[PDB]
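Chain residues, written in single-letter form:
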Amino acid sequence: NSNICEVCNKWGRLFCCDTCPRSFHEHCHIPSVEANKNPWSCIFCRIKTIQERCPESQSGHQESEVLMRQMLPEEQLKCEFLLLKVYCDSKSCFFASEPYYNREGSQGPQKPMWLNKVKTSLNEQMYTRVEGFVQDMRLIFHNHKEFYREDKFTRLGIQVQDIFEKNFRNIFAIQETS
Ligand SMILES: [Zn+2]
Ligand SMILES: [Zn+2]
Ligand SMILES: [Zn+2]
């Protein structure tokens, strides 16, 4: 196994996957690393098995159809992994915890959103459809763009939204376009 956490790239108390060489801190893994289960398979392994069991699941999809999917177990897992993929980028730190807004010339968003809140919402099964999760994710970056205006810090939202969008297109096998 790896000697660092796959998500945050730090050492510490790690749980090792039994089916691949990745390791995780307890609350870096999503869902949080399960109490027992020997062997234990990580989310990367679980996502790979879904694809292997249904190869046609990688054929192209329309985003509008994906978003209307109910949050059954496999869609739940895919959203957890997409969330995890965002956390994997070090720039996710800016969006992880609850923000506050006091900048001359800006007003805070009507609906604040942050990664940890989405994480909780997933854990608590608050999304009934994929659309719920993707809306909150995109709202994080949209709020940041609007607040920071012409400050160059706005680019952090662009950057992390691009990681989110790339991984969304990959995980849910969105039909490739120009
Ligand atoms: Zn970690
Ligand atoms: Zn694994
Ligand atoms: Zn099949």
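Residues numbered from 1 in each chain as written, not as in the entry; some residues may be left out. Chains lettered and ligands numbered in written order. Heavy atoms only, no water. Residues with missing side-chain atoms left out of burial classes, pairs and counts.

In the PDB archive, X-ray crystallography is given as the structure determination method for this entry, at a resolution of 1.7400 Å.

Looking at the PDB entry, the chain carries the name Nuclear autoantigen Sp-100, with the source organism given as Homo sapiens. Anyone opening this PDB entry will find it titled "PanDDA analysis group deposition -- Crystal Structure of SP100 after initial refinement with no ligand modelled (structure 77)".

Novice: If you had to explain the coordination of the zinc ion (ligand 1) to someone new, which residues and values would you point to?
Specialist: Coordination of the zinc ion (ligand 1) by the protein comes from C5 (SG), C8 (SG), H25 (ND1) and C28 (SG), over a distance range of 2.2 to 2.4 Å. Classification of the site at the zinc ion (ligand 1) as tetrahedral follows from its 4 donor atoms and the range of 98 to 119 degrees in their angles at the metal. Read N to C, the donor residues that coordinate the zinc ion (ligand 1) are spaced as C-x2-C-x16-H-x2-C. Of this pair, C8 sits in the segment before strand 1 (14-16) while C28 sits in the loop between strand 2 (23-25) and helix 1 (43-53); the two residues are 20 residues apart in sequence, bridging distant segments of the chain. With a relative accessible area of 29%, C8 lands in the partly exposed category. Classification of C28 as buried rests on a relative accessible area of 18%. (Donors = N, O, S within 2.8 Å, 3.2 Å for Na, K, Ca; no water. Tetrahedral: all angles 85-135°; square planar, octahedral: opposite > 155°, others 65-115°. Helix = DSSP H or I, 4+ residues; strand = E, 2+ residues; numbered from the N terminus. Buried < 20%, exposed > 50% of the residue type's maximum accessible area, 1.4 Å probe, protein only.)

Novice: Mind laying out the side chain of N167, listing which residues take part and the relevant values?
Specialist: Here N167 lies in helix 7 (residues 154-171). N167 sits in the buried class, given a relative accessible area of 15%. Polar contacts involving the side chain of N167 include one to the main-chain carbonyl oxygen of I163, which spans 3.0 Å. (Polar contact = N/O pair within 3.5 Å; in protein donor to acceptor, adjacent residues only side chain to side chain.)

Novice: So what's going on with the domain arrangement of the chain? Residues and values would help.
Specialist: Frequently, the measure chosen for interface size is the accessible area removed from exposure when the parts meet. Considered domain by domain, the chain is made up of domain 1 (1-59) and domain 2 (60-178). A straight line from the C-alpha centre of domain 1 to that of domain 2 covers 21 Å. Across the domain 1/domain 2 interface, buried area totals approximately 1,400 Å², and carbon plus sulfur atoms make up 74% of it. Seen at the junction of domain 1 and domain 2, the total is 0 salt bridges. The tally of links between domain 1 and domain 2 comes to 2 residue pairs in polar contact. With 5 residues, the single largest contributor to the side of domain 1 that touches domain 2 is helix 1. In terms of residue class, the side of domain 1 that touches domain 2 is built from 9 nonpolar, 5 polar and 2 charged. (Domains from an automatic or database assignment. Buried area = accessible area lost by both parts, 1.4 Å probe. Salt bridge = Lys/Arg side-chain N within 4 Å of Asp/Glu carboxyl O. Nonpolar A, V, L, I, M, F, W, Y, C, P; charged D, E, K, R; others polar.)

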